[PDB]
Amino acid sequence: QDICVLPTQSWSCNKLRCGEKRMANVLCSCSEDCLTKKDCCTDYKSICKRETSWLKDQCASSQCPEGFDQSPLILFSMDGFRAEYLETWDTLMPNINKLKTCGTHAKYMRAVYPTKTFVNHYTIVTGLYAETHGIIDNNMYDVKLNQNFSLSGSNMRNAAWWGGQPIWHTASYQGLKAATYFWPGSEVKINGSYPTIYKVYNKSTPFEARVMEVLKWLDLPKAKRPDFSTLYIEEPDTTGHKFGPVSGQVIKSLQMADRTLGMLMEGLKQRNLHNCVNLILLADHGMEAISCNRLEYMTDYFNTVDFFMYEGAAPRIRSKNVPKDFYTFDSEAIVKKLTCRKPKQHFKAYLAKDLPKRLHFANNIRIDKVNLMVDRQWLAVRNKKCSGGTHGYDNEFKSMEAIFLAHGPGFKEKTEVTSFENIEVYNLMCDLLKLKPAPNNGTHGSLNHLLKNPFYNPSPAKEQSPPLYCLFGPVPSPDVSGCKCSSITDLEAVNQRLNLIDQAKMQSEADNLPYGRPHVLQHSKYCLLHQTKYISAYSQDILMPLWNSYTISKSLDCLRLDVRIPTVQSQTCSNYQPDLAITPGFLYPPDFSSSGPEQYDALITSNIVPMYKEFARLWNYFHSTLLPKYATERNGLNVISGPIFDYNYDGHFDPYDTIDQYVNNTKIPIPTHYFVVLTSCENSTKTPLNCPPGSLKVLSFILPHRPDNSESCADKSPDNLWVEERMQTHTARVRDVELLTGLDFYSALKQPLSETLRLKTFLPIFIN
Ligand SMILES: *[C@@H]1O[C@H](CO)[C@@H](O[C@@H]2O[C@H](CO)[C@@H](O[C@@H]3O[C@H](CO)[C@@H](O)[C@H](O)[C@@H]3O)[C@H](O)[C@H]2NC(C)=O)[C@H](O)[C@H]1NC(C)=O
Ligand SMILES: COc1cc(-c2oc3cc(O)cc(O)c3c(=O)c2O)ccc1O
Ligand SMILES: *[C@@H]1O[C@H](CO)[C@@H](O)[C@H](O)[C@H]1NC(C)=O
Ligand SMILES: *[C@@H]1O[C@H](CO)[C@@H](O)[C@H](O)[C@H]1NC(C)=O
Ligand SMILES: *[C@@H]1O[C@H](CO)[C@@H](O)[C@H](O)[C@H]1NC(C)=O
Ligand SMILES: *[C@@H]1O[C@H](CO)[C@@H](O)[C@H](O)[C@H]1NC(C)=O
Ligand SMILES: [Ca+2]
Ligand SMILES: [Zn+2]
């Protein structure tokens, strides 16, 4: 009859099945001579030998069978499983919801740009930004190889495409075995090797069969058994693409996912591995709803479209004739004619070096230089001629956030953790495998709060240049600076306020550097300039401060030379002219001190940096009105700001012998960006200075130092209400500023180094 011929089509066990004896055509045995031969449905002991299912159990507290001396780690990926699915539909997914309940669960996991599967899947297993491992999109063109990249093409298995070191190679190079049941890269001969066991991708393999195979790798003899295995399924990405994120169709793809995870967990409890295996359940990206009333056509911006265009949520544009006009293609011209042509364009045009530095999406020959930052739910296509959902957007968008759930003896129990970025997962996986990670872009130790016994303890970065000294001196014999200050009558007296005694310097350090001065992790000849209201590290290598830090409380033409800075290591007033695009802007705004003698502490050559006049518009307005409002909102702020030189857009500080771009007829380098880090405290009944380091709140900006405000299309507005909106898409991690400057912040905080590392990896986000 029917319920003893479904054994050939069903991967579960019903009650009338147990004790059935061998048929040839059974996918899964439900015999009693079953276990001994290692081939039973996960629910066998749950429904027949009346044991309690894993899902019904209570979550026991802090193991493994005999041959398992180290906990195996399973990496489970459900493509396109956006974080909101778990927030809205966990009710419908009892097994996934148990993981959330008793394992370690993050609010969401940030993907990398572009938020596509091969990009993020390889990123997860290498811990590298897409710009570095090379898989920068599912479809790419490399000019050096003159080769196309595609999932349905064959060049996808050419190892020249795949950089870095995936986790499975890391596992094998240090004595463990790894088996991947589908993972982007696992079929490629990266570094001349495969995983210890891998599976040719066949999308038609049923999810249940994949779960059975992973559970049959764990039944192998100890000498052959893999220590790390991945498991991959295409839902809810496949159905999410066709029917959209809010759909009944996705709700039952999501229940199919819950079925398969539960299958895995039931089979694990059968083997007494359920409190042994370390399980990470994540996704590569999210899902966003699209429409055809939400298409942007390049024909509405060009008359002739003689360029190739990777379309969708993350578009790029290159020449149609490659490889011969690849370097010639006028990339800036396409960006400029896509710049503020209509008042309500649902995208913005960028060259790769102008992309928000937080994305880390330049510095790869495959990253074509024309790029489009498309608004959510819209797509950018070339022509006029779509439904359901897609992905690829900016990874700040709520629809792009991925789930991250962990379970096992190596993780904490029933713990909720803050958001983190998937680039952090590679390190965390080698910790659970007791492996030394290959170099990557995670901040090793920042995910330690997830682990029950952290395997790696971070140690502070060694300072690479201690400060020199710039002592107090007389005013030079002539004043060749070209600086003039009508207002000053007793020059000797006001210059004395820059000559504080040693304890007066301490008191200011206690006020303006409450977390310790930043350590310099490059080479830099610099001194420390103490004033009562601000402290700077002035570098003779770049004729300006490396950083300027000051502290403000909730509410709050004269320029001369710094007698501590030698003339040759100085900026002078005459370096800047009124028929030049660059004007001296201030790091510490003089308007913040009370005027009279305290204001003169900020009106010196040691407190100015070269600024495009239209950037100083943005810069001054932020300090003018925006910064004092954030101060009342957050109850005071510790501010630290300075220049960034990244002319080759690698995300790292430029060494000084690399800087070519000076201002006309001088030796003053033009920064590519300026950073601003604002530290307050979550519990705002406290100030930036009396806060437990564990409740610190950080907000950091890296502003593109650009000659126009084309990005905001605000070169002819009679206001500055546009500035806050553009600054809010140029936030960054403190870590991002550290990389771009060669500085190391927050060293003197009185808390474990791993806890500070969470603060530096935090990313401020404003898209609500
Ligand atoms: C993300 O992590 C990776 C790995 O730690 C970083 O990649 C490393 O980047 C540096 C410079 O970008 C590379 O060194 C350079 O090698 C080139 C040869 O192509 C040479 O011309 C330079 O003088 C320099 O020595 C290094 O090879 C590279 N390592 C790997 C494994 O790719 C990357 O910089 C990190 N990204 C960020 C934003 O932190
Ligand atoms: C709708 O089609 C999909 C295809 C895939 C897909 O995944 C892969 C994973 C691999 O490790 C290797 C592959 O070749 C693929 C692949 O080709 C593929 O189409 C993924 C998600 C989908 O929604
Ligand atoms: C790669 O594919 C594009 C199609 O967009 C084509 O223009 C180009 O000539 C191809 N290059 C090679 C080397 O196949
Ligand atoms: C490539 O393999 C060699 C050993 O054959 C190893 O020493 C090296 O670290 C590997 N390189 C990468 C980038 O994984
Ligand atoms: C793909 O998998 C299905 C089920 O596992 C199998 O029947 C089919 O033959 C496979 N196809 C290929 C081309 O391997
Ligand atoms: C902030 O700290 C004070 C203790 O000084 C406490 O009374 C207050 O409840 C805290 N605010 C919180 C926990 O939100
Ligand atoms: Ca650099
Ligand atoms: Zn997809």
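Caption draft 1: Spatial organisation of the overall build of the protein. Within the protein, the secondary structure is distributed over 18 helices and 30 strands. Taken along its principal axes, the extent of the C-alpha atoms in the protein is 105 × 65 × 45 Å. For the protein, with 768 residues in total, the buried portion stands at 58%. Only carbon and sulfur atoms are counted for the fraction: they give 51% of the accessible area of the protein, which is about 32400 Å². Side chains of the protein carry 83 positive and 79 negative charges; the gap between the two charge centres is 5 Å.

Caption draft 2: Representation of the UniProt feature "binding site: a divalent metal cation 1" in the protein in the model. Listed under "binding site: a divalent metal cation 1" in the UniProt record, and renumbered for this structure, are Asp237, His241 and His391. Structurally, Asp237 can be placed in helix α8 (residues 237-243). Taking relative accessible area as the criterion, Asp237 reaches 11% and is therefore assigned buried. Those residues in contact with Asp237, other than ones at most four positions away along the chain, are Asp79, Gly80, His285, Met287 and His391. When you line up the elements, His241 lands in helix α8. Those residues in contact with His241 that sit more than four places away from it in its chain are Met287, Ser387, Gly388, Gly389, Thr390 and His391.

Caption draft 3: Molecular detail of the site of ligand 2. Within the structure, ligand 2 sits among 13 residues, and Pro184, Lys203, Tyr232, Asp237 and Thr238 are positioned closest to it. Between an oxygen atom of ligand 2 and a side-chain N or O atom of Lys203, the distance comes to 2.6 Å. In the complex, the protein chains occlude 79% of the 480 Å² of accessible area that ligand 2 would expose alone. Tallied by class, the residues present in the shell around ligand 2 amount to 7 nonpolar, 1 polar and 5 charged.

Caption draft 4: Looking closely at the nonpolar core. Residues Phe81, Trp162, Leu261, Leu264, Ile280 and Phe404 are the most contacted members of the largest nonpolar core, which totals 104 residues. When near neighbours in sequence (up to four residues on either side) are disregarded, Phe81 contacts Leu86, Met93, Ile96, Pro236, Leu254, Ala283, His285, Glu401, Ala402 and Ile403. Within the second largest apolar cluster, 86 residues are counted, among which are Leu543, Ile552, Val676 and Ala714.

Caption draft 5: Structural context of the sheet that holds strand β6 (residues 178-181). With mixed pairing, 8 strands are arranged side by side in an open sheet as β7-β6-β8-β1-β9-β18-β2-β19. Every interior strand has two partners, whereas the edge strands, β7 (197-198) and β19 (415-417), have only one. Across the sheet, helix α4 (residues 117-126) is in contact with β1 (73-78), β8 (228-233) and β9 (278-282); its angle to β1 comes to roughly 165°. Here helix α9 (residues 248-270) sits on the sheet and contacts β1, β8, β9 and β18 (404-407); the angle it forms with β1, its principal contact strand, is near 170°.

Caption draft 6: Representation of the coordination of the zinc ion (ligand 8) within the structure. Here the zinc ion (ligand 8) is held by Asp237 (OD), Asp237 (OD), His241 (NE2) and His391 (NE2), and the distances to it run 2.1 to 2.7 Å. Coordination at the zinc ion (ligand 8) is irregular, judged from the 4 donor atoms that bind it and the angles of 50 to 124° they form at the metal. Remark: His241 and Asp237 occur in helix α8; sequence separation between them is 4 residues, near one turn of the helix.

Caption draft 7: Representation of the coordination of the calcium ion (ligand 7). In this structure, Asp646 (OD), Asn648 (OD1), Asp650 (OD), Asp650 (OD), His652 (O) and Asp654 (OD) serve as the protein donors to the calcium ion (ligand 7), at separations of 2.3 to 3.1 Å. Around the calcium ion (ligand 7), the 6 donor atoms are arranged such that angles at the metal cover 44 to 144°; this shape is classified as irregular.

Caption draft 8: Structural detail: the site of ligand 3. Around ligand 3 sit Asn146, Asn148, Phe308 and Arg318, and that is every residue in its neighbourhood. Here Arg318 contributes a side-chain N or O atom positioned 3.4 Å from an oxygen atom of ligand 3. With the chains in place, 55% of the 360 Å² that ligand 3 exposes on its own is no longer accessible.

Caption draft 9: Expanded view of the pairing of β18. Because side chains alternate across β18, one face comprises the buried residues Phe404 and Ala406, and the other comprises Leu405 and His407, equally buried. As paired strands, strand β2 (residues 104-106) and β18 are joined by 2 bridges and run antiparallel to one another. The residue of β18 that forms the bridge with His105 is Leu405. Examined bridge by bridge, β9 and β18 share 4 bridges and lie antiparallel to one another. The residue bridging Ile280 from the neighbouring strand is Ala406, located in β18.

Caption draft 10: Structural view of the pairing of strand β12 (residues 307-310). Two elements, β12 and strand β13 (residues 316-319), share 4 bridges in a ladder whose sense is antiparallel. Paired with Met309 across the bridge in β13 is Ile317. Between β12 and β13, which pair antiparallel in sequence order, lie 5 residues; one of them, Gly312, sits at a positive phi of approximately 115°.

Parameters and conventions
- Residues numbered from 1 in each chain as written, not as in the entry; some residues may be left out.
- Chains lettered and ligands numbered in written order.
- Heavy atoms only, no water.
- Helix = DSSP H or I, 4+ residues; strand = E, 2+ residues; numbered from the N terminus.
- Buried < 20%, exposed > 50% of the residue type's maximum accessible area, 1.4 Å probe, protein only.
- Areas by Shrake-Rupley, 256 points an atom, 1.4 Å probe, with all protein chains shown as cover.
- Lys, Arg positive; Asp, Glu negative; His and termini not counted.
- Charge placed at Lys NZ, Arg CZ, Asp CG, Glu CD.
- UniProt positions renumbered as here; feature names shortened; annotations may be inferred.
- Contact = heavy atoms within 4.5 Å.
- Near = heavy atom within 4 Å.
- Polar contact = N/O pair within 3.5 Å; in protein donor to acceptor, adjacent residues only side chain to side chain.
- Nonpolar A, V, L, I, M, F, W, Y, C, P; charged D, E, K, R; others polar.
- Core = buried A, V, L, I, M, F, W, Y, C linked by side-chain atoms within 4.5 Å.
- Pairing = 2+ DSSP bridges.
- Axes fitted to C-alpha atoms, helices over the stretch in contact; angles between N-to-C directions.
- Donors = N, O, S within 2.8 Å, 3.2 Å for Na, K, Ca; no water.
- Tetrahedral: all angles 85-135°; square planar, octahedral: opposite > 155°, others 65-115°.

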